[PDB]
Amino acid sequence: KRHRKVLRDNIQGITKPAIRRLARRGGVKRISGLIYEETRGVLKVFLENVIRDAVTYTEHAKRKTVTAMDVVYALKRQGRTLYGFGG
Amino acid sequence: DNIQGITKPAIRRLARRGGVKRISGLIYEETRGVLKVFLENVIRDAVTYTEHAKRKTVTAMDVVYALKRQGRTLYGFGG
Amino acid sequence: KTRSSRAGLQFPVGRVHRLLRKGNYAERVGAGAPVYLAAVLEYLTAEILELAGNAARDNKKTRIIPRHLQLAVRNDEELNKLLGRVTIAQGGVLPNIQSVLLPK
Amino acid sequence: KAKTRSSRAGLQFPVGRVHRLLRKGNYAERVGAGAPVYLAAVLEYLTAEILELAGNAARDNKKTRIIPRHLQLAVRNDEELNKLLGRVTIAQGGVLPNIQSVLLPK
Amino acid sequence: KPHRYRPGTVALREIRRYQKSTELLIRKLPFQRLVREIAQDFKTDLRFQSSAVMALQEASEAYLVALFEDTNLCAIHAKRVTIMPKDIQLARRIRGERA
Amino acid sequence: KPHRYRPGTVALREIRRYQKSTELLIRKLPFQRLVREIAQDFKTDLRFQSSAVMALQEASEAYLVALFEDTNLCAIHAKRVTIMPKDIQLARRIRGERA
Amino acid sequence: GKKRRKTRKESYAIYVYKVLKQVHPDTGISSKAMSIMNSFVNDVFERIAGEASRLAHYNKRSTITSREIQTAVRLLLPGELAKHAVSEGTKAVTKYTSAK
Amino acid sequence: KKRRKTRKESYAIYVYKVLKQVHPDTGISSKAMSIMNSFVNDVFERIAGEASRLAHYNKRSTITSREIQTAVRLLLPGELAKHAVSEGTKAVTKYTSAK
DNA sequence: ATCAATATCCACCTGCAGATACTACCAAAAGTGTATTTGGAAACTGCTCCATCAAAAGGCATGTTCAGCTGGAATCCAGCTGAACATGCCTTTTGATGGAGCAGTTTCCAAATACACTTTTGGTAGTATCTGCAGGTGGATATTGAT
DNA sequence: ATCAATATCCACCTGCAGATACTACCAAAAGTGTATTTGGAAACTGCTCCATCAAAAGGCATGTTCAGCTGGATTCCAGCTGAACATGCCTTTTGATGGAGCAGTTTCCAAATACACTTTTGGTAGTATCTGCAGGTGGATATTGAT
Ligand SMILES: [Cl-]
Ligand SMILES: [Cl-]
Ligand SMILES: [Cl-]
Ligand SMILES: [Cl-]
Ligand SMILES: [Co+2]
Ligand SMILES: [Co+2]
Ligand SMILES: [Co+2]
Ligand SMILES: [Co+2]
Ligand SMILES: [Co+2]
Ligand SMILES: [Co+2]
Ligand SMILES: [Co+2]
Ligand SMILES: [Co+2]
Ligand SMILES: [Co+2]
Ligand SMILES: [Co+2]
Ligand SMILES: [Co+2]
Ligand SMILES: [Co+2]
Ligand SMILES: [Co+2]
Ligand SMILES: [Co+2]
Ligand SMILES: [Co+2]
Ligand SMILES: [Co+2]
Ligand SMILES: [Co+2]
Ligand SMILES: [Co+2]
Ligand SMILES: [Co+2]
Ligand SMILES: [Co+2]
Ligand SMILES: [Co+2]
Ligand SMILES: [Co+2]
Ligand SMILES: [Co+2]
Ligand SMILES: [Co+2]
Ligand SMILES: [Co+2]
Ligand SMILES: [Co+2]
Ligand SMILES: [Co+2]
Ligand SMILES: [Co+2]
Ligand SMILES: [Co+2]
Ligand SMILES: [Co+2]
Ligand SMILES: [Co+2]
Ligand SMILES: [Co+2]
Ligand SMILES: [Co+2]
Ligand SMILES: [Co+2]
Ligand SMILES: [Co+2]
Ligand SMILES: [Co+2]
Ligand SMILES: [Co+2]
Ligand SMILES: [Co+2]
Ligand SMILES: [Co+2]
Ligand SMILES: [Co+2]
């Protein structure tokens with residue numbers, strides 16, 4: 001019965017309209033065609049780094065579940081402190 | 001004066017070590033203010049360490065501690 | 001008679017003395033330290049609730065949401081610096097468009 | 001005293017000192033016996049890593065004594081040591097020779 | 001006689017719209033799948049509190065917005081209005097995400 | 001019959017000279033004066049360990065040397081080879097010092 | 001009531017709420033905003049307790065006194081926030097000690 | 001002479017030992033050794049502080065080698081983390097298995 | 001300049017998500033008192049290193065000349081934005097479901113603390129020897145810039 | 001190309017700042033042996049919340065294309081502004097010497113921790129009952145782009 005499907009190419013779920021919206025909030029008026037792939041590259045590194053520390057904290061606690069606190073601690077230790085999710 | 005004792009040739013030497021080839025005339029005055037703000041920020045914090053220790057002398061360690069907390073950790077004076 | 005009422009404070013001196021011991025900051029914690037700290041903490045809360053309340057009011061709202069806290073902090077030079085490496089979830093940015101980007 | 005805890009661990013770095021400093025340092029209510037050992041080993045290792053490359057640096061420049069210049073070259077020329085010390089200044093270390101290509105002659 | 005706004009008018013309009021709101025701008029599921037993928041390459045059989053994922057989204061969209069501001073500011077320095085890959089790279093180098 | 005080097009030849013020569021060495025590049029006394037003058041506004045009748053001033057100079061020149069590195073990058077971004085105040089200003093803004 | 005007894009999750013919310021009522025008597029706060037506010041107080045608590053911690057150490061002191069908190073506040077806060085916070089905290093310690 | 005002695009301890013002799021193990025024909029200036037003393041103190045404080053935090057996040061009153069090891073993983077870059085983790089387990093084993 | 005094709009505005013509607021308002025019980029927190037210990041302020045001293053000024057040293061303020069970098073202008077065109085057009089298997093939302101795994105609780109023992117006692121040692125302090133390399137030279141050779 | 005001017009290189013040198021070396025003395029650090037105390041791993045398990053699917057819309061927003069405008073990249077060019085260059089002098093460095101104050105030592109007490117009843121309270125739990133505002137509405141102002 002066990003499901004488990006293969007996860008791949010999910011970085012392309014970060015659509016061109018979604019990157020355009022973030023650029024707008026950041027005040028950008030005009031966007032070159034190469035931005036979208038550059039941004040996905042940049043997001044992946046960001047995510048890799050936080051998830052890595054986040055998951056390191058999880059493992060230390062001997063848990064299989066990644067808590068909002070693991071993220072918040074992980075974000076904090078990279079000087080990207082977040083308010084709104086506890087602790 | 002004082003800030004002006006930070007001379008044009010000294011600022012140019014710093015630029016050179018920074019890899020700079022050509023330097024706008026307005027740079028020397030801009031470099032001075034930037035340096036003023038830098039020393040204001042660090043010294044303020046160093047002198048706050050002095051006052052706490054009830055001293056009249058700023059120590060290397062007061063400076064080193066102030067730099068640490070400015071996120072500008074320096075090695076070589078931690079005696 | 002709480003040490004809060006005794007110092008003229010809404011914030012909890014008993015808790016702050018406690019949290020200071022629990023957190024291993026030093027071997028001993030003096031009696032005034034938690035009093036002074038609960039005061040600072042209340043001072044700063046009061047400062048941000050003031051500005052945020054106003055931001056609420058400016059947008060015709062009687063309930064402070066995270067947008068208000070964010071407008072409060074980012075519009076105040078000092079709270080903005082103090083919280084310059086912090087992110088307020090659901091706060092958004094300040095409306096700001098660079099000059100050159102406007103038409104003529 | 002029989003054997004130092006350092007030699008029991010195979011270490012040049014002081015396990016007794018590191019243990020003492022973890023206590024005096026207010027890091028936790030308690031400190032297990034193994035942590036000072038582990039931490040001394042890690043400290044010695046990174047020391048060895050830096051002295052190695054700065055030793056190399058001294059040689060390259062035809063010298064037998066390590067000066068801060070050599071620690072600067074060692075650290076900045078290594079991607080990982082340079083990252084670990086990304087917010088650190090080595091006093092009297094200077095910079096790496098680097099000149100932007102667009103500034104080069106003709 | 002069909003109607004057309006000129007290039008830049010809807011862009012500016014969209015800036016105002018998005019600077020005005022606080023809603024997350026990437027869709028939830030796509031983002032959650034990308035988190036689960038990246039985390040799975042680090043360690044298999046992980047589960048996520050729903051708010052661990054919302055924390056990552058909040059943090060990720062805030063980092064991205066701020067970076068485009070810096071990026072926009074590098075375009076403008078170059079006397080452009082079009083953000084290019086090299087503006088992002090300059091932002092990240094000075095930021096110390098590259099040097 | 002006289003002899004002149006082209007603009008840029010001696011600049012390059014200095015870049016090479018100064019990147020090779022490690023000696024402090026501001027003269028000590030002007031620096032000591034300025035330090036004491038800034039300190040005086042925070043507290044009067046201060047003395048300075050001599051190693052306190054050496055550390056401030058080390059840190060200050062390291063800061064200015066690296067800031068000229070980012071400034072030069074910002075100049076080059078704008079297709080120039082001359083550093084200007086706007087380049088120093090772009091650096092500090094992106095560095096989060098003006099931000 | 002009581003399901004095997006969940007260990008208690010304490011926050012500053014009722015105190016943030018008191019202070020909210022003082023400054024804006026007719027204003028409310030969302031739970032999300034109260035969460036940001038509780039994070040903020042916890043944040044600043046840690047930053048000051050740690051400058052204090054460090055200070056004590058730097059000076060071979062085993063005690064954090066109000067004098068350690070005070071310097072920590074001057075290191076941590078900018079300009080006006082430091083001046084005003086110092087006086088409110090001085091105020092509270094004066095008032096607290098003259099009361100027995 | 002137990003007066004003007006307030007013992008200032010440093011890592012200088014242990015650093016010097018490791019120097020000879022890696023480069024027996026190589027010396028070190030006082031300045032450079034001072035820098036190396038700083039390196040060890042800094043790294044000690046960073047690792048010690050990260051473990052403190054971990055132990056706290058997990059409601060533990062004790063710092064064990066497990067806390068040091070996670071602190072090393074969080075703190076050191078890829079390959080540096082790998083070997084340092086390997087060195088520390090090596091020294092704990094040698095120490096546990098010792099008469 | 002007018003204006004029509006659109007986007008935008010703000011105040012007045014509703015249904016409901018989420019917020020404030022009860023009263024309950026209770027474990028933990030916080031106040032009070034007392035019994036005992038001690039951190040560090042305070043007062044005193046000596047010598048270390050700091051501020052000051054002996055003269056001895058050398059980096060830089062100055063102006064003038066012009067090479068070449070920078071901004072302005074003009075041109076061209078492709079890479080971008082706006083909008084129509086077909087349609088997700090695509091996201092959101094709702095809602096139920098089983099059940100993994102987190103977290104509460106109790107037990108209990110390995111390893112921590114505590115402390116007393118022995119011995120080892122790193123830091124400090126003279127006193128002596130000694131060497132790596134900075135900074136002097138000379139002579140060769142490469143680089144640069146006018147031909 | 002020619003080739004004079006000057007920067008740069010290398011070898012060899014030597015004197016001395018600072019590095020080593022060795023002996024000595026001494027607090028405190030560090031290990032060893034011994035009762036006693038307790039954090040937190042281990043086993044059991046309640047119960048929260050995570051993964052998953054069903055199944056629609058609550059259809060939203062996206063991907064694809066095709067047009068054509070205009071921002072970017074290129075090219076050229078004038079004049080403006082910084083780079084190079086030369087040396088007395090006026091400021092900095094370097095050496096000399098009281099004496100401020102940091103660092104060392106010792107004294108004692110206000111306030112620290114320990115710790116035991118006794119009191120108070122914030123968190124939670126659980127239903128109970130308001131209200132601010134999102135989201136839909138019209139419908140009366142605002143902006144834009146073609147003339
Ligand atoms: Cl351990
Ligand atoms: Cl590009
Ligand atoms: Cl400018
Ligand atoms: Cl106190
Ligand atoms: Co203000
Ligand atoms: Co995978
Ligand atoms: Co320390
Ligand atoms: Co004021
Ligand atoms: Co905590
Ligand atoms: Co290896
Ligand atoms: Co109206
Ligand atoms: Co409800
Ligand atoms: Co005492
Ligand atoms: Co020309
Ligand atoms: Co140009
Ligand atoms: Co269920
Ligand atoms: Co189970
Ligand atoms: Co568990
Ligand atoms: Co010895
Ligand atoms: Co010789
Ligand atoms: Co010799
Ligand atoms: Co030489
Ligand atoms: Co010659
Ligand atoms: Co010669
Ligand atoms: Co010739
Ligand atoms: Co040669
Ligand atoms: Co000799
Ligand atoms: Co000597
Ligand atoms: Co127990
Ligand atoms: Co076309
Ligand atoms: Co145009
Ligand atoms: Co252009
Ligand atoms: Co011309
Ligand atoms: Co000029
Ligand atoms: Co004298
Ligand atoms: Co004298
Ligand atoms: Co005196
Ligand atoms: Co003193
Ligand atoms: Co007395
Ligand atoms: Co109550
Ligand atoms: Co409730
Ligand atoms: Co609405
Ligand atoms: Co309508
Ligand atoms: Co128009």
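Chain letters run A, B, ... following the sequence lines, proteins first, then strands; residues in each count from 1.
Side-chain nitrogen and oxygen atoms of E:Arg16 include none within less than 4.0 Å of the OP1 or OP2 phosphate oxygen of I:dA7. Remark: C:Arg6 is in phosphate contact with I:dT32, judged by side-chain N or O atoms under 4.0 Å from OP1 or OP2. The side chain of G:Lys6 places an N or O atom within less than 4.0 Å of a non-bridging phosphate oxygen (OP1 or OP2) of J:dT124. Neither OP1 nor OP2 of I:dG123 sits under 4.0 Å from any side-chain N or O of H:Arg3. Contact annotation: G:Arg61 does not reach the phosphate of I:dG39 (side-chain N/O to OP1 or OP2, under 4.0 Å). Between H:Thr6 and the phosphate of J:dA103, there is no side-chain N or O to OP1/OP2 separation shorter than 4.0 Å. Of the side-chain N and O atoms in E:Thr9, one or more sit less than 4.0 angstrom from OP1 or OP2 of J:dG145. Contact annotation: D:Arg5 side-chain N/O to J:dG31 OP1/OP2 distance is under 4.0 Å. Taking 4.0 angstrom as the limit, G:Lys3 places a side-chain polar atom (N or O) nearer than this to OP1 or OP2 of J:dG126. For the pair E:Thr82 and J:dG72, the criterion of a side-chain N or O lying under 4.0 Å from OP1 or OP2 is met. Residue C:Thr2 places none of its side-chain N or O atoms closer than 4.0 Å to OP1 or OP2 of J:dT120. Neither OP1 nor OP2 of I:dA30 sits under 4.0 Å from any side-chain N or O of C:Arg3. At least one side-chain nitrogen or oxygen of F:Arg6 sits closer than 4.0 Å to the OP1 or OP2 atom of I:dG68. Proximity of A:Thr65 to the phosphate of I:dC102: a side-chain N or O atom is located under 4.0 Å from OP1 or OP2.
On the basis of its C1'-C2'-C3'-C4' angle being positive, I:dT137 carries a north sugar. With its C1'-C2'-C3'-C4' torsion below zero, J:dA28 shows a south sugar pucker.
Donor-acceptor pairing under 3.5 Å, judged by distance alone, is absent between the side chain of G:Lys2 and the base of J:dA125. Between the base of J:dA84 and the side chain of F:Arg4 there is a donor-acceptor pair shorter than 3.5 Å. For G:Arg8 against J:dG123, no side-chain N or O and base N or O form a donor-acceptor pair under 3.5 Å. Counting distance only, with no hydrogens placed and no angle test, the side-chain atoms of G:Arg4 and the base atoms of I:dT105 include no donor-acceptor pair under 3.5 Å.
Under the 4.0 Å criterion applied to side-chain N and carboxylate O atoms, B:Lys21 and F:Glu14 are not assigned as salt-bridge partners.
In the model, B:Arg22 has a side-chain atom that pairs as donor or acceptor with a side-chain atom of F:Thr82 under 3.5 Å. A donor-acceptor pair shorter than 3.5 Å can be found between the side chains of A:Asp70 and A:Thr67.
Nucleic acid contact class of A:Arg21 (heavy atoms, under 4.0 Å, all strands): sugar-phosphate only. Nucleic acid contact for A:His3: sugar-phosphate only, since backbone atoms but no base atoms lie under 4.0 Å from a heavy atom of the residue. Using a 4.0 Å heavy-atom distance criterion, G:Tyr15 is classed as a sugar-phosphate-only contact. At the heavy-atom level, H:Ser10 lies under 4.0 Å from the strands shown only through sugar-phosphate atoms.
For J:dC117 and J:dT121, the P atoms lie 23 Å apart once the distance is rounded to whole Å. With both ends at atom P, the span from I:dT113 to I:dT36 equals 28 Å, rounded to whole Å. The gap from the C1' atom of I:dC47 to that of I:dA125 amounts to 16 Å, rounded to the nearest Å. As rounded to the nearest Å, J:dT70 and J:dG145 have P atoms that lie 9 Å from one another. Rounded to whole Å, the P atom of J:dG104 lies 23 Å from the corresponding atom of J:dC25. Taking atom P on both nucleotides, J:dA128 is separated from I:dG99 by 34 Å, rounded to a whole Å.
Ring geometry for C:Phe11 against G:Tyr15 counts as tilted: the plane angle lies between 30° and 60°, on a 0 to 90° scale.
For the pair C:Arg15 and C:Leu19, the minimum side-chain heavy-atom distance is below 4.5 Å.
Distances were taken from every side-chain heavy atom of F:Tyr5 (C-beta onward) to each of I:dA83, J:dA73, J:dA7; the shortest belongs to J:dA7. Taking every side-chain heavy atom of C:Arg15 into account, J:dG122 is the closest of I:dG132, J:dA30, J:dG122.
In terms of modelled atom types and a separation under 3.5 Å, the side chain of G:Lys21 and the main chain of G:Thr27 share a donor-acceptor contact.
Projected onto DNA chain I by closest heavy-atom contact, F:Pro2 and D:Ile67 fall at different nucleotides, the more 5' of which corresponds to D:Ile67. Of the two residues near DNA chain I, D:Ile66 and F:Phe48, the one whose nearest nucleotide lies more 5' is F:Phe48.
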Nucleotides 91-98 of chain I: which of its N/O atoms have a protein N/O under 3.5 Å away?
from   : atom 1 : to      : atom 2 : distance (Å)
I:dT91 : OP1    : E:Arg33 : NH1    : 3.3
I:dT91 : OP1    : E:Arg33 : NH2    : 2.9
I:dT91 : OP2    : E:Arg33 : NH1    : 3.2
I:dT92 : OP1    : E:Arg27 : NH1    : 3.4
I:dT92 : OP1    : E:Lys28 : N      : 2.8
I:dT92 : OP2    : E:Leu29 : N      : 3.2

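I:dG18 atom P lies 15 Å from atom NZ of C:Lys61, rounded to whole Å. Rounded to an integer number of Å, the gap from CE of F:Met84 to P of I:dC69 is 13 Å.
Closest non-hydrogen pair, C:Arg21 versus C:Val29, comes out as NH2-O, 3.6 Å.
Base stacking between strand neighbours J:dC77 and J:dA78 is detected by the criterion of six-membered ring centres within less than 5.5 Å and interplanar angle below 30°.
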